[PDB]
Amino acid sequence: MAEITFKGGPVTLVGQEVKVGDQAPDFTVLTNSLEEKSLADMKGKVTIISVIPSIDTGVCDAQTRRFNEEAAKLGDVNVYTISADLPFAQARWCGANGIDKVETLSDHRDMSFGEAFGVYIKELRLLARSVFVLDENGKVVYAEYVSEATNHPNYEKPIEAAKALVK
C-alpha cells in the first residue's frame with residue numbers, strides 16, 4: 001500500500017501501489033479538450049504521467065511547467081499531467097504558461113485512473129501527488145508516491161527514467 005500523509009496523519013488510498021515492471025492497469029481519463037484518452041493511446045511513445053490534486057495550487061507549477069521544458073530538452077518524450085480538477089481549468093493553466101510538450105487530463109470524472117494506480121486518496125477524494133513512467137508496451141518503468149500529499153515529486157526522477165529509454 002502507498003500510505004500517504006496529509007500533513008499530520010496518514011490518509012488511506014483506494015487501489016494498490018503499482019511498481020516498475022508491472023503492466024500498467026490501462027484506463028481512460030478525459031483530455032482537457034473533453035474527449036476520452038486512455039493508457040492504450042499513451043503507449044504510442046515512452047510517456048511520463050504527473051499526478052497532482054488540482055492545477056491551481058502553485059506547487060503544481062513546479063511539475064507541469066518544468067516538465068514542459070525538460071521534455072523539450074529531451075527532444076523526444078511524451079508527458080501528461082492528470083488532475084481531479086476541471087478540464088478547462090487545466091487547459092487554461094497550460095494556455096497561460098505556453099505549455100506544448102505536456103498535455104493536462106482530467107481523471108475527475110470516474111476516478112478510474114486515480115483508483116487503479118492507487119493515487120486516489122480515499123479519505124480526501126483528492127488525487128495524490130505522484131509520477132509514473134510508461135514504456136511503449138504500457139509497462140511501468142518508474143513509479144513514485146510522495147509520502148506527503150502536501151509535497152510534490154521531483155520531475156528529474158521520471159525524466160531520468162524516460163531519458164534512459166528514448167535513446
# chains A, B, ... in the order shown; residues from 1 in each chain; ligands from 1
call {"tool": "residues_around", "arguments": {"residues": "stretch 141-143 of chain A", "least_positions_apart": "5", "cutoff": "7 Å", "atoms": "only C-alpha atoms", "output": "short mmCIF file (atom, residue, chain, number, x, y, z; two decimals) with N, CA and C atoms, in the first residue's frame"}}
result
data_model
loop_
_atom_site.label_atom_id
_atom_site.label_comp_id
_atom_site.auth_asym_id
_atom_site.auth_seq_id
_atom_site.Cartn_x
_atom_site.Cartn_y
_atom_site.Cartn_z
N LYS A 19 4.11 -0.92 -9.48
CA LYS A 19 5.58 -0.92 -9.48
C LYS A 19 6.14 -0.95 -10.87
N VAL A 20 7.44 -0.72 -10.92
CA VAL A 20 8.26 -0.97 -12.07
C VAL A 20 8.14 -2.44 -12.47
N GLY A 21 8.03 -2.68 -13.77
CA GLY A 21 7.98 -3.99 -14.40
C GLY A 21 6.55 -4.49 -14.60
N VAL A 131 4.19 10.43 -9.59
CA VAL A 131 4.55 10.37 -11.01
C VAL A 131 4.78 8.92 -11.41
N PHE A 132 4.65 8.65 -12.70
CA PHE A 132 4.86 7.34 -13.29
C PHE A 132 5.54 7.55 -14.64
N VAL A 133 6.19 6.51 -15.15
CA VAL A 133 6.74 6.49 -16.50
C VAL A 133 6.38 5.14 -17.08
N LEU A 134 6.09 5.12 -18.37
CA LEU A 134 5.44 4.02 -19.05
C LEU A 134 6.20 3.79 -20.35
N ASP A 135 6.65 2.57 -20.55
CA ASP A 135 7.23 2.10 -21.80
C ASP A 135 6.13 2.01 -22.86
N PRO A 158 11.39 10.98 -13.01
CA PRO A 158 10.82 10.32 -14.17
C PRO A 158 11.52 10.76 -15.46
N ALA A 161 14.37 8.27 -15.79
CA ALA A 161 13.80 7.02 -16.25
C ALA A 161 13.48 7.07 -17.75
#
call {"tool": "residues_around", "arguments": {"residues": "residue A:14", "least_positions_apart": "5", "cutoff": "12 Å", "atoms": "only C-alpha atoms", "output": "number ranges by chain"}}
result
A: 1-4, 111-128
call {"tool": "write_last_selection", "arguments": {"atoms": "N, CA, C and O atoms", "output": "CSV table (one decimal), in the first residue's frame"}}
result
chain,number,residue,atom,x,y,z
A,1,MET,N,0.9,-1.2,0.0
A,1,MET,CA,0.0,0.0,0.0
A,1,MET,C,0.9,1.2,0.0
A,1,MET,O,1.8,1.2,0.8
A,2,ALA,N,0.7,2.2,-0.8
A,2,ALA,CA,1.2,3.5,-0.6
A,2,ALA,C,0.3,4.1,0.5
A,2,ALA,O,-1.0,3.9,0.5
A,3,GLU,N,0.9,4.6,1.6
A,3,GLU,CA,0.2,5.2,2.7
A,3,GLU,C,0.7,6.6,2.8
A,3,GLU,O,1.9,6.8,3.2
A,4,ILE,N,0.0,7.6,2.2
A,4,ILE,CA,0.4,8.9,2.1
A,4,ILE,C,0.0,9.6,3.4
A,4,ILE,O,-1.0,9.3,4.0
A,111,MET,N,-12.6,8.6,-11.8
A,111,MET,CA,-11.5,8.4,-10.9
A,111,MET,C,-10.8,7.1,-11.3
A,111,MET,O,-10.0,6.6,-10.5
A,112,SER,N,-11.1,6.5,-12.5
A,112,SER,CA,-10.6,5.2,-12.9
A,112,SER,C,-9.1,5.2,-12.8
A,112,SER,O,-8.6,4.2,-12.3
A,113,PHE,N,-8.4,6.3,-13.2
A,113,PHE,CA,-7.0,6.4,-13.1
A,113,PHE,C,-6.6,6.5,-11.6
A,113,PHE,O,-5.8,5.7,-11.2
A,114,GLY,N,-7.1,7.4,-10.9
A,114,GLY,CA,-6.7,7.6,-9.6
A,114,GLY,C,-6.9,6.3,-8.7
A,114,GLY,O,-6.0,6.0,-7.9
A,115,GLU,N,-8.0,5.6,-8.9
A,115,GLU,CA,-8.3,4.4,-8.3
A,115,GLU,C,-7.3,3.3,-8.7
A,115,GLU,O,-6.6,2.7,-7.8
A,116,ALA,N,-7.1,3.1,-10.0
A,116,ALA,CA,-6.3,2.0,-10.5
A,116,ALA,C,-4.8,2.0,-10.2
A,116,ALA,O,-4.2,1.0,-9.9
A,117,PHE,N,-4.2,3.3,-10.2
A,117,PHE,CA,-2.8,3.5,-9.9
A,117,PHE,C,-2.6,3.7,-8.4
A,117,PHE,O,-1.5,3.9,-8.0
A,118,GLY,N,-3.7,3.6,-7.6
A,118,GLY,CA,-3.5,3.7,-6.1
A,118,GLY,C,-3.1,5.1,-5.7
A,118,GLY,O,-2.2,5.3,-4.9
A,119,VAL,N,-3.7,6.2,-6.4
A,119,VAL,CA,-3.4,7.6,-6.1
A,119,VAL,C,-4.6,8.4,-5.7
A,119,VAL,O,-4.5,9.5,-5.3
A,120,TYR,N,-5.8,7.8,-5.8
A,120,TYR,CA,-6.9,8.4,-5.2
A,120,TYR,C,-6.8,8.3,-3.7
A,120,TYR,O,-6.8,7.1,-3.2
A,121,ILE,N,-6.7,9.4,-3.0
A,121,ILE,CA,-6.7,9.4,-1.5
A,121,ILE,C,-8.2,9.2,-1.1
A,121,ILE,O,-9.0,10.2,-1.2
A,122,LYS,N,-8.5,8.1,-0.6
A,122,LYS,CA,-9.9,7.7,-0.2
A,122,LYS,C,-10.5,8.7,0.8
A,122,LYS,O,-11.7,9.0,0.7
A,123,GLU,N,-9.7,9.1,1.8
A,123,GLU,CA,-10.1,9.9,2.9
A,123,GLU,C,-10.2,11.4,2.5
A,123,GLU,O,-10.8,12.2,3.3
A,124,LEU,N,-9.8,11.8,1.3
A,124,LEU,CA,-9.9,13.2,0.9
A,124,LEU,C,-10.7,13.4,-0.4
A,124,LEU,O,-11.1,14.5,-0.7
A,125,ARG,N,-10.8,12.3,-1.2
A,125,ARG,CA,-11.3,12.3,-2.5
A,125,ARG,C,-10.6,13.2,-3.5
A,125,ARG,O,-11.1,13.9,-4.4
A,126,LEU,N,-9.3,13.1,-3.3
A,126,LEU,CA,-8.4,14.0,-4.0
A,126,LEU,C,-7.3,13.1,-4.5
A,126,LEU,O,-6.9,12.1,-3.9
A,127,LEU,N,-6.7,13.5,-5.6
A,127,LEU,CA,-5.6,12.8,-6.2
A,127,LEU,C,-4.4,13.1,-5.4
A,127,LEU,O,-4.2,14.2,-4.8
A,128,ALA,N,-3.5,12.1,-5.2
A,128,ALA,CA,-2.2,12.3,-4.7
A,128,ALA,C,-1.3,13.0,-5.7
A,128,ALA,O,-1.7,13.2,-6.9
call {"tool": "closest_residue", "arguments": {"among": "A:104, A:68, A:16, A:63", "to": "residue A:83", "atoms": "only C-alpha atoms"}}
result
A:104
call {"tool": "select_by_dssp", "arguments": {"residues": "stretch 7-50 of chain A", "states": "strand (DSSP E or B)", "output": "list in words"}}
result
residues 10, 11, 13, 23, 28, 29, 30, 31, 36, 37, 38, 47, 48, 49 and 50 of chain A
call {"tool": "write_last_selection", "arguments": {"atoms": "N, CA, C and O atoms", "output": "PDB file, in the first residue's frame"}}
result
ATOM      1  N   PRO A  10      -1.666   9.948   8.560  1.00  0.00           N
ATOM      2  CA  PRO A  10      -1.838   9.126   7.380  1.00  0.00           C
ATOM      3  C   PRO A  10      -3.227   9.351   6.779  1.00  0.00           C
ATOM      4  O   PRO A  10      -4.154   9.753   7.480  1.00  0.00           O
ATOM      5  N   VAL A  11      -3.368   9.050   5.493  1.00  0.00           N
ATOM      6  CA  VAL A  11      -4.627   9.017   4.774  1.00  0.00           C
ATOM      7  C   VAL A  11      -4.612   7.774   3.887  1.00  0.00           C
ATOM      8  O   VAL A  11      -3.603   7.439   3.260  1.00  0.00           O
ATOM      9  N   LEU A  13      -5.582   5.156   0.837  1.00  0.00           N
ATOM     10  CA  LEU A  13      -5.693   5.199  -0.603  1.00  0.00           C
ATOM     11  C   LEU A  13      -6.677   4.107  -1.003  1.00  0.00           C
ATOM     12  O   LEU A  13      -6.771   3.070  -0.343  1.00  0.00           O
ATOM     13  N   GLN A  23       2.573  -4.362 -15.705  1.00  0.00           N
ATOM     14  CA  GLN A  23       1.737  -3.839 -16.765  1.00  0.00           C
ATOM     15  C   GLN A  23       0.857  -2.787 -16.087  1.00  0.00           C
ATOM     16  O   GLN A  23       0.232  -3.053 -15.059  1.00  0.00           O
ATOM     17  N   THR A  28      -8.803   5.169 -18.891  1.00  0.00           N
ATOM     18  CA  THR A  28      -9.298   6.304 -19.556  1.00  0.00           C
ATOM     19  C   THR A  28      -9.372   7.436 -18.527  1.00  0.00           C
ATOM     20  O   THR A  28      -9.710   7.211 -17.369  1.00  0.00           O
ATOM     21  N   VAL A  29      -9.079   8.642 -18.974  1.00  0.00           N
ATOM     22  CA  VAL A  29      -9.297   9.929 -18.348  1.00  0.00           C
ATOM     23  C   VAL A  29      -9.901  10.780 -19.466  1.00  0.00           C
ATOM     24  O   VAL A  29      -9.918  10.371 -20.635  1.00  0.00           O
ATOM     25  N   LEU A  30     -10.377  11.972 -19.139  1.00  0.00           N
ATOM     26  CA  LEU A  30     -10.759  12.929 -20.161  1.00  0.00           C
ATOM     27  C   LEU A  30      -9.508  13.732 -20.536  1.00  0.00           C
ATOM     28  O   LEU A  30      -8.680  13.979 -19.663  1.00  0.00           O
ATOM     29  N   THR A  31      -9.343  14.152 -21.781  1.00  0.00           N
ATOM     30  CA  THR A  31      -8.409  15.200 -22.147  1.00  0.00           C
ATOM     31  C   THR A  31      -8.908  16.516 -21.542  1.00  0.00           C
ATOM     32  O   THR A  31     -10.104  16.647 -21.243  1.00  0.00           O
ATOM     33  N   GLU A  36     -12.267  11.290 -24.440  1.00  0.00           N
ATOM     34  CA  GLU A  36     -11.637  10.215 -23.691  1.00  0.00           C
ATOM     35  C   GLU A  36     -10.231   9.987 -24.241  1.00  0.00           C
ATOM     36  O   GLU A  36      -9.992  10.024 -25.446  1.00  0.00           O
ATOM     37  N   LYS A  37      -9.284   9.708 -23.356  1.00  0.00           N
ATOM     38  CA  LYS A  37      -7.952   9.244 -23.705  1.00  0.00           C
ATOM     39  C   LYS A  37      -7.613   8.181 -22.690  1.00  0.00           C
ATOM     40  O   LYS A  37      -7.952   8.348 -21.521  1.00  0.00           O
ATOM     41  N   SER A  38      -6.887   7.149 -23.095  1.00  0.00           N
ATOM     42  CA  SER A  38      -6.532   6.040 -22.234  1.00  0.00           C
ATOM     43  C   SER A  38      -5.063   5.685 -22.370  1.00  0.00           C
ATOM     44  O   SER A  38      -4.385   6.158 -23.282  1.00  0.00           O
ATOM     45  N   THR A  47       6.072   7.447 -22.173  1.00  0.00           N
ATOM     46  CA  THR A  47       5.236   8.527 -21.669  1.00  0.00           C
ATOM     47  C   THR A  47       5.467   8.674 -20.172  1.00  0.00           C
ATOM     48  O   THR A  47       5.560   7.675 -19.462  1.00  0.00           O
ATOM     49  N   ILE A  48       5.545   9.913 -19.687  1.00  0.00           N
ATOM     50  CA  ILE A  48       5.580  10.240 -18.266  1.00  0.00           C
ATOM     51  C   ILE A  48       4.168  10.688 -17.897  1.00  0.00           C
ATOM     52  O   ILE A  48       3.516  11.352 -18.699  1.00  0.00           O
ATOM     53  N   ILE A  49       3.698  10.380 -16.692  1.00  0.00           N
ATOM     54  CA  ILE A  49       2.409  10.817 -16.178  1.00  0.00           C
ATOM     55  C   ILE A  49       2.692  11.542 -14.862  1.00  0.00           C
ATOM     56  O   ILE A  49       3.389  10.986 -14.014  1.00  0.00           O
ATOM     57  N   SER A  50       2.123  12.725 -14.660  1.00  0.00           N
ATOM     58  CA  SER A  50       2.367  13.546 -13.482  1.00  0.00           C
ATOM     59  C   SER A  50       1.041  13.794 -12.774  1.00  0.00           C
ATOM     60  O   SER A  50       0.245  14.620 -13.209  1.00  0.00           O
TER      61      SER A  50
END
call {"tool": "select_by_dssp", "arguments": {"residues": "chain A", "states": "alpha helix (DSSP H)", "output": "ChimeraX atom specification"}}
result
/A:39-42,61-74,87-97,112-116,156-165
call {"tool": "closest_residue", "arguments": {"among": "A:140, A:85, A:145, A:93", "to": "residue A:109", "atoms": "only C-alpha atoms"}}
result
A:85
call {"tool": "residues_around", "arguments": {"residues": "stretch 72-81 of chain A", "least_positions_apart": "3", "cutoff": "8 Å", "atoms": "only C-alpha atoms", "output": "PyMOL selection string"}}
result
chain A and resi 45-52+64+67-69+101-105+162-163+166
call {"tool": "residues_around", "arguments": {"residues": "residue A:151", "least_positions_apart": "2", "cutoff": "8 Å", "atoms": "only C-alpha atoms", "output": "JSON list (two decimals) with C-alpha atoms, in the first residue's frame"}}
result
[["chain", "number", "residue", "atom", "x", "y", "z"],
["A", 59, "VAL", "CA", 3.10, 23.62, -6.27],
["A", 129, "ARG", "CA", 0.93, 13.93, -5.96],
["A", 146, "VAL", "CA", 5.18, 11.19, -2.43],
["A", 148, "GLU", "CA", 3.24, 13.51, 1.95],
["A", 149, "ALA", "CA", 0.32, 14.86, -0.12],
["A", 153, "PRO", "CA", 7.77, 14.70, -6.52]]
call {"tool": "closest_residue", "arguments": {"among": "A:100, A:70, A:17, A:35", "to": "residue A:157", "atoms": "only C-alpha atoms"}}
result
A:70
